[PDB]
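S.K.: Before I ask anything, let me first share the structure, which is written out below as structure tokens.
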Amino acid sequence: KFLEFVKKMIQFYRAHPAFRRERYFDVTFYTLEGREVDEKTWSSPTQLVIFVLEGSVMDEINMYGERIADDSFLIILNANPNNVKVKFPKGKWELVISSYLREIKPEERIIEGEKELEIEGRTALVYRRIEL
Amino acid sequence: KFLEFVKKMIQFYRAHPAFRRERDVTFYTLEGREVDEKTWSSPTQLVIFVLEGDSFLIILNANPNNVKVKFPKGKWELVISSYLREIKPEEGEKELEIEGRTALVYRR
């Protein structure tokens, strides 16, 4: 079942040049209450990372003059050993993969309009936007 | 008149440890609004900041014309400035609003 997971995740990585950028040296990081991250928040220890790989237009690809665009992703990493409630950011989000060994509840497959989800403790989650 | 300005201008920097560190900075675009990322790379003419951090509010701008001005969180008390005329009147939280080719300041 794990060999199955690894296969799926590697595939996912290869499948999306959002997680593979040449020039980073676009992202937006988030708090528990679903807002952008001011200093202090950015400087104090955390147990929870939320962020969005925003944008798309990368240059290219490797062929003559053809720019692609990758879907936008939201990554939630909860290392806090306790359940926690997250406010999602703008748009529709769709759970593509997670560390939940358990089956996925219908209100966890798709989430919109900032409504909060009860994130389990020690859990990782990846969403793609679908609109707009 | 200008010497008596520079003397008093440099006097301020020769008076406060709030401008002598290795860094608590603020910041504030027009209007009233704490900085984001638009905004962070926008080729215009507006700068504001604060030191918490004896505390001080500092507003600075360029610029070809007047734009709305709103102070931020905390009490503001003037100390020095650039001026087309002189000081009047009496310029918590409100709206000023500032002029043109000019630069400005405040305290706590």
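Naming works like this for the structure tokens: A, B, ... for the chains as they're shown, residue 1 at the start of each chain, ligands 1 onward in shown order.
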Give the helix (DSSP H, G or I) residues of chain A, as DSSP finds them on the backbone, and put them as a list in words.

M.R.: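 These are the residues in question: residues 2, 3, 4, 5, 6, 7, 8, 9, 10, 11, 12, 13, 14, 15, 17, 18, 19, 106, 107, 108 and 109 of chain A.
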
S.K.: As a ChimeraX atom specification, please: all residues of region 71-105 of chain B that backbone DSSP puts in strand (DSSP E or B).

M.R.: /B:77,95,103-105

S.K.: Pull N, CA and C atoms from the residues just selected and write them as an mmCIF file, in the first residue's frame.

M.R.:
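What landed in result_21.cif:
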```cif
data_model
loop_
_atom_site.group_PDB
_atom_site.id
_atom_site.type_symbol
_atom_site.label_atom_id
_atom_site.label_comp_id
_atom_site.auth_asym_id
_atom_site.auth_seq_id
_atom_site.Cartn_x
_atom_site.Cartn_y
_atom_site.Cartn_z
ATOM 1 N N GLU B 77 2.009 62.355 16.843
ATOM 2 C CA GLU B 77 2.364 63.727 17.253
ATOM 3 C C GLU B 77 3.551 64.266 16.435
ATOM 4 N N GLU B 95 -7.494 61.313 8.909
ATOM 5 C CA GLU B 95 -7.096 61.598 7.522
ATOM 6 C C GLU B 95 -6.561 63.034 7.467
ATOM 7 N N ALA B 103 7.699 65.806 2.489
ATOM 8 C CA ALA B 103 8.083 64.705 3.365
ATOM 9 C C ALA B 103 7.894 65.076 4.832
ATOM 10 N N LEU B 104 7.623 64.074 5.661
ATOM 11 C CA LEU B 104 6.809 64.266 6.856
ATOM 12 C C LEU B 104 6.975 63.102 7.827
ATOM 13 N N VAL B 105 6.444 63.267 9.035
ATOM 14 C CA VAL B 105 6.965 62.566 10.203
ATOM 15 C C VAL B 105 6.013 62.687 11.388
#
```

S.K.: Show me, as a PyMOL selection string, every residue of chain B with an atom at most 12 Å from chain A, counting only C-alpha atoms.

M.R.: chain B and resi 24-27+34-38

S.K.: Mind checking which residues fall within 12 Å of residue 5 (chain B), counting only C-alpha atoms, ignoring those fewer than 6 positions away in the same chain, and posting them as a list in words?

M.R.: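 These residues fall inside the cut-off: residues 11, 12, 80, 81, 82 and 83 of chain B.
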
S.K.: Selection from above, N, CA and C atoms, as a PDB file, in the first residue's frame, can you write it?

M.R.:
```pdb
ATOM      1  N   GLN B  11      19.950  67.009  14.226  1.00  0.00           N
ATOM      2  CA  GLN B  11      19.734  66.984  15.676  1.00  0.00           C
ATOM      3  C   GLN B  11      18.881  65.798  16.109  1.00  0.00           C
ATOM      4  N   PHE B  12      17.831  65.532  15.335  1.00  0.00           N
ATOM      5  CA  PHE B  12      16.895  64.453  15.617  1.00  0.00           C
ATOM      6  C   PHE B  12      17.595  63.101  15.558  1.00  0.00           C
ATOM      7  N   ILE B  80       8.756  67.350  13.012  1.00  0.00           N
ATOM      8  CA  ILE B  80       9.483  68.082  11.957  1.00  0.00           C
ATOM      9  C   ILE B  80       8.977  67.729  10.549  1.00  0.00           C
ATOM     10  N   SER B  81       9.308  68.552   9.545  1.00  0.00           N
ATOM     11  CA  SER B  81       8.803  68.350   8.175  1.00  0.00           C
ATOM     12  C   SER B  81       9.426  69.247   7.100  1.00  0.00           C
ATOM     13  N   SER B  82       9.068  68.986   5.841  1.00  0.00           N
ATOM     14  CA  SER B  82       9.254  69.937   4.737  1.00  0.00           C
ATOM     15  C   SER B  82       7.938  70.706   4.538  1.00  0.00           C
ATOM     16  N   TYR B  83       8.024  71.944   4.048  1.00  0.00           N
ATOM     17  CA  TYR B  83       6.863  72.854   4.025  1.00  0.00           C
ATOM     18  C   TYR B  83       6.901  73.951   2.937  1.00  0.00           C
TER      19      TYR B  83
END
```

S.K.: Which residues, written as JSON, numbers by chain, have at least one atom at most 7 Å from region 61-68 of chain B, with only C-alpha atoms counted and residues fewer than 4 positions away on the same chain left out?

M.R.: {"B": [31, 45, 46, 47, 97, 98, 99, 100, 101, 102, 103]}

S.K.: Extract, using only C-alpha atoms, all DNA, RNA and protein residues at most 7 Å from region 96-113 of chain A, discarding same-chain residues fewer than 5 positions from it, and format them as a short mmCIF file (atom, residue, chain, number, x, y, z; two decimals) with C-alpha atoms, in the first residue's frame.

M.R.:
```
data_model
loop_
_atom_site.label_atom_id
_atom_site.label_comp_id
_atom_site.auth_asym_id
_atom_site.auth_seq_id
_atom_site.Cartn_x
_atom_site.Cartn_y
_atom_site.Cartn_z
CA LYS A 90 -10.09 31.89 -2.18
CA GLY A 91 -11.66 29.64 -4.84
CA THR A 123 -1.44 15.17 8.61
CA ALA A 124 -0.32 16.44 5.18
CA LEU A 125 -2.63 17.58 2.35
CA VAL A 126 -2.44 18.82 -1.25
CA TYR A 127 -5.20 20.66 -3.10
CA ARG A 128 -5.50 21.98 -6.64
#
```

S.K.: Within 9 Å of residue 27 (chain A), counting only C-alpha atoms, which residues show up once you throw out same-chain ones fewer than 2 positions away? Write them as a PyMOL selection string, please.

M.R.: chain A and resi 29+51-55

S.K.: Restricting the calculation to only C-alpha atoms: of B:108, B:75, B:70, B:16, which residue gets closest to residue 92 (chain B)?

M.R.: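 Looking at the shortest contact to residue 92 (chain B), the residue is B:75.
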
S.K.: As an exercise, work out the distance from CA of residue 119 (chain A) to CA of residue 89 (chain A) in Å and give it to one decimal place.

M.R.: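 Distance reported for this atom pair: 14.7 Å.
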
S.K.: Any idea what's packed within 12 Å of residue 107 (chain B), counting only C-alpha atoms, ignoring anything in its chain fewer than 5 positions away? Could you give it as number ranges by chain?

M.R.: B: 12, 16, 18, 49-52, 54-59, 71-72, 74-80, 92

S.K.: I'd like the interatomic distance between CA of residue 33 (chain A) and CA of residue 86 (chain A), to a tenth of an Å.

M.R.: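 Here the two named atoms are 6.3 Å from each other.
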